[PDB]
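J.: Before anything else, here's the structure in question.
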Amino acid sequence: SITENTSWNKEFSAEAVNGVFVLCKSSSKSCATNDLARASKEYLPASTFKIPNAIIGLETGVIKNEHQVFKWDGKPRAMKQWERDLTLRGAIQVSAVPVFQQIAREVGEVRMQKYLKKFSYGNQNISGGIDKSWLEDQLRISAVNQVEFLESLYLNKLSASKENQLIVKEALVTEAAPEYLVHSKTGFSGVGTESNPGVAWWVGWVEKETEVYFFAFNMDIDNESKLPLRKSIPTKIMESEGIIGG
Amino acid sequence: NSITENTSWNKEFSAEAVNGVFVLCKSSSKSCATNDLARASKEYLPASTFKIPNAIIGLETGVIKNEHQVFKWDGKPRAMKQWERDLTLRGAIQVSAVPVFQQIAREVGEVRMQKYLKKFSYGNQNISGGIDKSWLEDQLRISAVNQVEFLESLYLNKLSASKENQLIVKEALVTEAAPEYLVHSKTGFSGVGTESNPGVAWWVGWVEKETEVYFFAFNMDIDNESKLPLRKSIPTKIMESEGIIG
């Protein structure tokens, strides 16, 4: 069940942002959103795609184990933060596109296609994903589908070993307090054009005391200065629902 | 052989008039340093650090049904108000909820508890004390070196337990999460004891900084709870002197 809360639009209008937030307590069967239509609309996943990419890398043995170090060969990378050796967690946390492109190359299109179908991941399209593409038809996923996928991961219910799901889960931890734990992942497809904007994401789940909340946020973005809104708008809505971190 | 005594590390102990030991290892237990070789191998009551093997054994035996089990508070008074609430496995470990772990140990039983402490090479492997309060001379005790060996085995998923159960307990131990800085840790305090026979306080864990891993175990004599903060500040100062900063 999903309830539209139009009162949640105030956080978007205050920042002059077009976007959607989906928040669910306990399971994907109890959810609220500011916009029902946009909650089901599919968008480029951008770096949020590193979550299934990492599970598939481990399932296929392309990622040898939890402790594999992805060595920097010294060749130029698009972001300075990627020009270094990275663990699987580090590569996910800094959104290291080149590490995941090499994993996707080794997995191959046949196995990547097979696993996106097994995971019910978005439109399950073979194109884009970890690669930059201007194809009209490429991988896209809705905020509702992100919550469903993340709930499956949280419950170790994806078509993958529980061990591999647990490895990716610890790699996604972004805040740890005794009774407050956040797993999350950002994405940003690029500012696009003023008429054809890019998308920014923040997806994850929060374990507060004995409760769990799943969330997925996306927004249209045509100016990179607006990128921090992908965390501040959802953080404000979650604080209004009593989900408050340190 | 694998451990060097660094007398310079006594600096932070002398400044606080503390009798204690710090063991720090890089990459593995084969490259370590300590301020006191003798105390590094001396066995002390594990106190709440015993919740680490207790949790693994609880999962291995099925007493802890799964990763998502909620330990319900029966409403009966507990020794600390912070324990008078429902707790997850991570919450119970993070707040050192003794009653939750005593009930787990009761269901596991002495025979199985003993069998697993032998499998894990955990301290003197004594059947007495542990999560239960005892003043027996012959009860469970463990050295800082043995804590590092045990935590290294857990980090590597090399304990005699499923890798799934080792991964569940590892996420429950995360205490700091940054993109390229992750800390797993656990405190313990046996109680103030007496001036002639003092209590022991612990801080044990490991730090993943970029692609490096450091294992650590700290213990100190404590006859006044006002000194408890030193169990974290002394090891933090030594680790910061080695560039391990969070």
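Ordering of the structure tokens sets the chain letters (A, B, ...), residue numbers begin anew at 1 in every chain, and ligands are numbered from 1 in the order given.
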Which residues of chain A come within 12 Å of chain B, and for each one, what is the closest pair of atoms and their distance in Å to one decimal, counting only C-alpha atoms, sorted by chain and residue number, as CSV?

T.:
residue,atom,partner,partner_atom,distance
A:26,CA,B:68,CA,11.6
A:65,CA,B:156,CA,10.2
A:66,CA,B:156,CA,8.8
A:67,CA,B:156,CA,8.2
A:68,CA,B:211,CA,9.3
A:69,CA,B:211,CA,6.8
A:70,CA,B:211,CA,9.1
A:71,CA,B:211,CA,9.7
A:72,CA,B:211,CA,11.7
A:81,CA,B:180,CA,10.7
A:82,CA,B:180,CA,11.5
A:84,CA,B:210,CA,9.0
A:85,CA,B:211,CA,6.7
A:86,CA,B:211,CA,6.0
A:87,CA,B:211,CA,5.8
A:88,CA,B:211,CA,9.6
A:89,CA,B:179,CA,7.5
A:90,CA,B:180,CA,5.4
A:91,CA,B:179,CA,8.7
A:92,CA,B:179,CA,8.3
A:93,CA,B:179,CA,4.9
A:94,CA,B:179,CA,6.4
A:95,CA,B:179,CA,9.8
A:96,CA,B:179,CA,11.5
A:154,CA,B:68,CA,9.5
A:155,CA,B:68,CA,8.3
A:156,CA,B:67,CA,9.9
A:161,CA,B:164,CA,9.2
A:162,CA,B:164,CA,6.6
A:163,CA,B:164,CA,5.0
A:164,CA,B:164,CA,8.8
A:165,CA,B:164,CA,9.4
A:166,CA,B:167,CA,6.4
A:167,CA,B:167,CA,7.2
A:168,CA,B:167,CA,10.5
A:169,CA,B:171,CA,8.4
A:170,CA,B:171,CA,6.0
A:171,CA,B:179,CA,9.1
A:172,CA,B:179,CA,9.2
A:173,CA,B:177,CA,6.4
A:174,CA,B:177,CA,5.4
A:175,CA,B:177,CA,5.5
A:176,CA,B:175,CA,5.4
A:177,CA,B:175,CA,6.2
A:178,CA,B:94,CA,4.9
A:179,CA,B:91,CA,5.5
A:180,CA,B:91,CA,8.7
A:181,CA,B:174,CA,9.2
A:182,CA,B:177,CA,9.5
A:183,CA,B:177,CA,10.0
A:184,CA,B:179,CA,11.3
A:185,CA,B:179,CA,10.9
A:207,CA,B:88,CA,9.4
A:208,CA,B:91,CA,9.5
A:209,CA,B:87,CA,6.7
A:210,CA,B:88,CA,5.8
A:211,CA,B:88,CA,9.2
A:212,CA,B:68,CA,10.4
A:246,CA,B:176,CA,12.0

J.: What gap, in Å, lies between CA of residue 7 in chain A and CA of residue 152 in chain A?

T.: 28.8 Å

J.: Please identify the alpha helix (DSSP H) residues within range 68-113 of chain A (assignment by DSSP from backbone atoms) and present them as a list in words.

T.: residues 88, 89, 90, 91, 92, 93, 97, 98, 99, 100, 101, 102, 103, 104, 105, 106, 107, 108, 109, 110, 111, 112 and 113 of chain A

J.: So which residues touch residue 46 in chain B within 12 Å, counting only C-alpha atoms, skipping near sequence neighbours fewer than 4 positions away, as number ranges by chain?

T.: B: 42, 50-54, 122-126, 128-133, 139-144, 146-147, 186-191, 199-204, 217-220

J.: Can you list, as a PyMOL selection string, every protein, DNA or RNA residue that comes within 7 Å of residue 5 in chain B when you count only C-alpha atoms, leaving out same-chain residues fewer than 6 positions away?

T.: chain B and resi 33-37

J.: Of the residues B:28, B:185, B:194, B:160, which is the one nearest to residue 60 in chain B, using only C-alpha atoms?

T.: B:160

J.: Report as a PyMOL selection string all protein, DNA and RNA residues lying within 6 Å of range 31-35 of chain A, evaluated on only C-alpha atoms, omitting residues in the same chain fewer than 6 positions from it.

T.: chain A and resi 2-6+8-9+21-24
